[PDB]
Structures are given as structure tokens and as C-alpha cells.
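Worksheet for the structure shown next.
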Amino acid sequence: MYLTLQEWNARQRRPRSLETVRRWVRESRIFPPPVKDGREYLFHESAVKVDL
DNA sequence: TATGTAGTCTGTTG
DNA sequence: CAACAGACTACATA
């Protein structure tokens, strides 16, 4: 089941700015990596920020 | 090194 | 065709 970037961020233990999260997606710090569906990313429920 | 704001620009949507 | 989500930025200050 998938979430928008904003909804995903809101449910994280430590929500950040939307810009920050978009940077994490571009740098591939999110596992599993989000799907870009048209103009928006779709995050799996379970996705997490990971260390590089 | 990491993040946040606030600006312009691009591709997708309805 | 206007509004939205994002790609990017300089700059500010953690």
C-alpha cells in the first residue's frame, strides 16, 4: 500500500521538510525507492530512510 | 555535514 | 491552460 511523499513524511518518526525528503529521494537514501507516478512519488508504507 | 526557506523553472494533471 | 509536485538553486543557519 502506497503513500504520497508528504503523507509518508508525516508518518515518519522524525518528519522533515518536503525539500529534504525530495533530496533523499534524488540521492537514493530511501528503501525501497519510491516510484514516480506522473508528477508525484509513491512511497511504500514500510519505506525507510537508510544510511549511505 | 545536514537541513530549511524561498525563489525560478519544468513536466503532469484535470 | 492554471495549479501542483518536484528539480534545482543561493543563501541562511544548524
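Letters A, B, ... mark the chains of the C-alpha cells in the order given; residue numbers begin at 1 per chain; ligand numbers begin at 1, in order shown.
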Excluding same-chain residues fewer than 3 positions from residue 5 of chain C, what lies within 9 Å of it counting only C-alpha atoms (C1' of nucleotides), as a PyMOL selection string?
(chain A and resi 39-41) or (chain B and resi 12)
Could I get the residues of chain C with an atom no further than 10 Å from an atom of chain A, each paired with its nearest atom pair and that distance in Å to one decimal, using only C-alpha atoms (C1' of nucleotides), sorted by chain and residue number, as CSV?
```
residue,atom,partner,partner_atom,distance
C:4,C1',A:39,CA,8.3
C:5,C1',A:39,CA,5.6
C:6,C1',A:39,CA,7.1
C:7,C1',A:22,CA,9.1
```
Write the residues of the preceding selection, restricted to N, CA and C atoms (P, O5', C5', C4', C3', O3' and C1' of nucleotides), as a short mmCIF file (atom, residue, chain, number, x, y, z; two decimals), in the first residue's frame.
```
data_model
loop_
_atom_site.label_atom_id
_atom_site.label_comp_id
_atom_site.auth_asym_id
_atom_site.auth_seq_id
_atom_site.Cartn_x
_atom_site.Cartn_y
_atom_site.Cartn_z
P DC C 4 -2.98 24.48 -6.29
"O5'" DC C 4 -2.03 23.13 -6.50
"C5'" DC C 4 -2.58 22.00 -7.06
"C4'" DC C 4 -1.51 20.98 -7.39
"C3'" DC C 4 -0.46 20.79 -6.34
"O3'" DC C 4 -0.42 19.39 -6.04
"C1'" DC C 4 0.51 21.15 -8.46
P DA C 5 0.44 18.90 -4.78
"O5'" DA C 5 1.80 18.22 -5.40
"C5'" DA C 5 1.66 17.04 -6.05
"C4'" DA C 5 3.04 16.71 -6.58
"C3'" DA C 5 4.14 16.73 -5.55
"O3'" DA C 5 4.87 15.47 -5.72
"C1'" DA C 5 4.71 18.20 -7.29
P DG C 6 6.13 15.17 -4.77
"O5'" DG C 6 7.42 15.70 -5.53
"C5'" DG C 6 7.64 15.17 -6.86
"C4'" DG C 6 8.52 16.07 -7.69
"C3'" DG C 6 9.93 16.18 -7.15
"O3'" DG C 6 10.86 15.57 -8.00
"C1'" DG C 6 9.07 18.20 -7.99
P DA C 7 12.43 15.46 -7.63
"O5'" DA C 7 12.98 16.61 -8.63
"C5'" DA C 7 12.93 16.61 -10.08
"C4'" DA C 7 13.93 17.51 -10.73
"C3'" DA C 7 15.24 17.48 -9.94
"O3'" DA C 7 16.18 17.73 -10.90
"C1'" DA C 7 14.27 19.64 -9.79
#
```
Near segment 12-14 of chain C, counting only C-alpha atoms (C1' of nucleotides), which residues have an atom at most 12 Å away, once you skip same-chain residues fewer than 4 positions from it, shown as a PDB file with C-alpha atoms (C1' of nucleotides), in the first residue's frame?
```pdb
ATOM      1  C1'  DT B   1      27.602  17.873   7.161  1.00  0.00           C
ATOM      2  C1'  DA B   2      22.578  18.357   7.147  1.00  0.00           C
ATOM      3  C1'  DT B   3      18.681  20.792   6.862  1.00  0.00           C
ATOM      4  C1'  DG B   4      15.200  24.695   5.942  1.00  0.00           C
ATOM      5  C1'  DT B   5      13.367  28.856   3.103  1.00  0.00           C
ATOM      6  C1'  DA B   6      12.232  30.942  -0.589  1.00  0.00           C
TER       7       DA B   6
END
```
For the atom pair atom CA of residue 27 of chain A and atom CA of residue 52 of chain A, what is the interatomic distance in Å to one decimal place?
9.5 Å
What gap, in Å, lies between atom CA of residue 4 of chain A and atom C1' of residue 10 of chain C?
28.1 Å
